[PDB]
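K.L.:
Residue numbers (the deposited numbering), protein chains in the order written: chain LQ, 2 to 122; chain LG, 2 to 45; chain LE, 2 to 54; chain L5, 1 to 111. Pasting a structure below so you can have a look.
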RNA sequence: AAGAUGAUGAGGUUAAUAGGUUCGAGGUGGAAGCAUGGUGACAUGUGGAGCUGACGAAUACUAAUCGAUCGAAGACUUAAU
RNA sequence: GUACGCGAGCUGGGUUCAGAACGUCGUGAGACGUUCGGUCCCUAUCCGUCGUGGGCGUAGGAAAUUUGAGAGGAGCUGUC
RNA sequence: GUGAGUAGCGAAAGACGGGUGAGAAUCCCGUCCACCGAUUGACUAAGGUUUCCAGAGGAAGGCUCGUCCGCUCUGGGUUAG
RNA sequence: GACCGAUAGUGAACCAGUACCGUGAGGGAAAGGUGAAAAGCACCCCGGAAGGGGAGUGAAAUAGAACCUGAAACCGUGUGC
RNA sequence: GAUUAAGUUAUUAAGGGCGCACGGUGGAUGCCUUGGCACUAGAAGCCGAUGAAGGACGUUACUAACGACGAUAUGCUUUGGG
């Protein structure tokens, strides 16, 4: 219980795992305000497992990320666990906290939702 | 619930059709009032 | 439960004194030179100017 | 000397329009374009597209400058409805009145 | 620390109000990997270990940017000075 | 006492609906003491009440601290 | 017209990247995720009578939106000793 | 014709016993008017388009196919007390 | 215009009320007739096995509906008016 979202305590656990593993890939996503005042509390507890680089932590981070596959390493595969411990966990090895930021776009049309852009700093 | 119109092509013609009007005599008085009033469709 | 009377045109217009919308709270985006809603980014060319976004 | 541009029978309601037309009345025309582009309601781009016709029929064909213009009056009258029904429970049916509206913006230049 | 919304209250770079972070207190009760014992189930040791949402501290790394709107000039008459 | 207070707050056991049976009365259809079963509807406009905010007034405009006109609350008692 | 901008919006898991467009939480393509699986799957009777399909449409219908469509305009579609 | 003049006179002045309701016999409404003549708005401009504003035809478009005159209810914007 | 007290009467308008002006929706009234109703005078009062009354399907250069027409089909022949 950090903050509920209208999801039924079972969907909210598997919704943040759909925003985290699509933020280490695209490096920025466009979403609503309250879906991105909580995913800054997940992906900053997950680059911390990137700065360790253990065997326990390569397993203990895999239970909050999906298994997707990335193609353009000039035609070389890169699983989203391997994009961390890698080009993500080496960009921030001397910044102690504060990996994300939230940029408010505007209210979206026809729903009135305060859209924001989260992006890795 | 099961409603009161279960449609059928055969019972609709074997009962209300043209040749069941002209069968009896009082069918020819029904057909004498629907081409008198000026209906388009005489027999269903 | 139903109304007992027809509510008049004096009592109707009084009840929507407080039924309105408020002004947006705009600013002047100082690089492009437009209006934008404050603490938000510009929809045109425009920086955030504490962040240059 | 003053212009106008009347849009009529727009699909939106007549009471939800005149909350937005209440907001810009008697204001400078340079601001009022950019107030309707920050409010998040449903009749803001509709009113905006007819305010930018009283600001192009005041520069063309009257030849007055669009730096001094002021909204003198802006009022929403009522157009004809479209009575459609809604099948409601126990064999009843209620009438739903989709209303339409007339929008008129009149700009001025203080003369 | 307040709350249906508005209100009240703690803050806005002269900054510790939230998030992260490094330290704890509380909670669970011995993580994985390897090393040893055994035919295997499992057991011991490295180690009061590891993981830890709301409570206590610490440090500006991230977001509280740039700005806007409202708001005084102090009436008269009569006894005191 | 307050519609033997209170069913647009709840109950429906009861009393008083259609079914059925006994005792009894009726030549008859049926009837007056018991018996088993038996749909309880509504989105609060105005006064009333409980909360909580805007406007203007208190002869200049503001930040705090307070006198209490009046009105509420409390009021029971055992044993050794 | 008042009731009132009130009661509703007809069981139910969505998230994002890309295009498209005057306009996108809703349309199309991609990956991940969830739900039925003696059925929410696959063929034929009854009944309906062009709905099926490709190219263009956005006034009405769709309980919102719409570039979309079982809705509108054009042109096609059903083969037996 | 000391009969009616679009809620009248036929149910029907509009392509009426027709949309539509019913298994069936059977029930059954709604609709009229540009101008003397279509001379029915060439061309520019805001718009994705609708819808506008000028210029033009006309005796008049403040008669533009929501098309003669245009009452009240009801919704608006302005101002003296 | 206060230096102190004492006593008075104002201005405000988030919005509402009355009057006037100007707009929209709405289709009453006025003025018209293609259609009716009520009745006089002359006709007239039957068609059908040589296939009737009523109909479905068809017919134009392009035909959705009514009109008139039937594979000789949006008409053909002939005698008269024009």
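All C-beta atoms, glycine included, are put in the ideal place defined by N, C-alpha and C.
Classify residue 37 (chain LG) as buried or exposed, calling it buried when 16 or more other Cβ atoms lie within 10 Å of its own Cβ.
P.N.:
Within the second chain, the letter at position 36 stands for residue 37 (chain LG). Counting the other Cβ atoms within 10 Å of the Cβ of residue 37 (chain LG) gives fewer than 16, which makes it exposed.
K.L.:
Measure the C-alpha to C-alpha separation of residue 42 (chain LQ) and residue 5 (chain LE) and round it to an integer number of angstroms.
P.N.:
If you number the first chain from 1, residue 42 (chain LQ) lands on position 41. If you number the third chain from 1, residue 5 (chain LE) lands on position 4. So the alpha carbons of these two residues sit roughly 55 Å apart.
K.L.:
Return the Cβ separation of residue 90 (chain LQ) and residue 48 (chain LQ) in integer angstroms, given the expectation that the two are a contact with Cβ distance under 8 Å.
P.N.:
Counting from 1 along the first chain, the entry for residue 90 (chain LQ) is found at position 89. Counting from 1 along the first chain, the entry for residue 48 (chain LQ) is found at position 47. At roughly 6 Å, the Cβ-Cβ gap stays under 8 Å, so residue 90 (chain LQ) and residue 48 (chain LQ) are in contact.
K.L.:
Is any beta-carbon of chain LQ found at less than 8 Å from that of residue 24 (chain LE)?
P.N.:
The residue you call residue 24 (chain LE) lines up with position 23 of the third chain. Closer than 8 Å: no.
K.L.:
Cα-Cα, which of 98 (chain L5), 93 (chain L5), 64 (chain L5), 43 (chain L5) is closest to residue 76 (chain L5)?
P.N.:
On the fourth chain, position 76 is the one that residue 76 (chain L5) refers to. Of 98 (chain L5), 93 (chain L5), 64 (chain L5), 43 (chain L5), the residue nearest in Cα terms is 43 (chain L5).
K.L.:
At the 8 Å Cβ level, is residue 19 (chain LE) part of the contact set with chain LQ, yes or no?
P.N.:
Residue numbering aside, residue 19 (chain LE) sits at position 18 when the third chain is read from its first letter. The beta-carbon of residue 19 (chain LE) is placed no less than 8 Å from the nearest beta-carbon of chain LQ.
K.L.:
Along chain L5, in chain order, which residues have C-beta atoms closer than 8 Å to that of residue 49 (chain LE)?
P.N.:
Along the third chain, one-based indexing puts residue 49 (chain LE) at 48. Under the 8 Å cutoff, chain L5 gives no residues; its nearest Cβ is about 17 Å from residue 49 (chain LE).
K.L.:
Using the Cβ count rule (16 or more neighbours within 10 Å means buried), how would you classify residue 48 (chain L5)?
P.N.:
The residue given as residue 48 (chain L5) occupies position 48 in the fourth chain. Residue 48 (chain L5) comes out buried.
K.L.:
Compare the beta carbon distance of residue 45 (chain LE) and residue 35 (chain LE) with 8 Å and say whether it is the shorter of the two.
P.N.:
For this step, residue 45 (chain LE) is matched to residue 44 along the third chain. For this step, residue 35 (chain LE) is matched to residue 34 along the third chain. A contact, by the Cβ cut-off of 8 Å.
K.L.:
With H, G and I counted as helix, E and B as strand and the rest as coil, what does DSSP make of residue 17 (chain LG)?
P.N.:
Within the second chain, residue 17 (chain LG) is the residue found at index 16, counting from 1. Residue 17 (chain LG): helix per DSSP, three-state reduction.
K.L.:
Shortest alpha-carbon distance to residue 64 (chain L5) belongs to which of 107 (chain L5), 51 (chain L5), 99 (chain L5)?
P.N.:
Counting from 1 along the fourth chain, the entry for residue 64 (chain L5) is found at position 64. Here the closest residue by C-alpha is 107 (chain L5).
K.L.:
Would you tell me roughly how many angstroms separate the C-alpha atoms of residue 92 (chain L5) and residue 15 (chain LE), rounded to the nearest one?
P.N.:
Indexing the fourth chain from 1 puts residue 92 (chain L5) at position 92. Indexing the third chain from 1 puts residue 15 (chain LE) at position 14. Taking the straight line from one Cα to the other gives about 35 Å.
K.L.:
Would residue 82 (chain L5) and residue 72 (chain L5) qualify as a contact pair, given that the criterion is a beta-carbon distance under 8 Å?
P.N.:
Numbered from its first residue, the fourth chain carries residue 82 (chain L5) at position 82. Numbered from its first residue, the fourth chain carries residue 72 (chain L5) at position 72. Not a contact, by the Cβ cut-off of 8 Å.
K.L.:
Can you grab the Cα-Cα spacing for the pair residue 73 (chain LQ) / residue 88 (chain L5), in whole Å?
P.N.:
Reading the first chain from its first residue, position 72 is the one you call residue 73 (chain LQ). Reading the fourth chain from its first residue, position 88 is the one you call residue 88 (chain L5). If you take the alpha carbons of residue 73 (chain LQ) and residue 88 (chain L5), they lie about 57 Å apart.
K.L.:
Measuring only the C-alpha atoms, how far is residue 18 (chain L5) from residue 16 (chain LQ)?
P.N.:
As a first step, residue 18 (chain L5) must be located in the fourth chain, where it is residue number 18. As a first step, residue 16 (chain LQ) must be located in the first chain, where it is residue number 15. Residue 18 (chain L5) and residue 16 (chain LQ): Cα-Cα distance of roughly 41 Å.
K.L.:
Taking the alpha carbon of residue 115 (chain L5) as the reference point, which residue from 85 (chain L5), 80 (chain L5), 84 (chain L5) has its own alpha carbon closest?
P.N.:
With chain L5 represented from 1 up to 111, any question about residue 115 (chain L5) goes unanswered, as that position is not in the structure.
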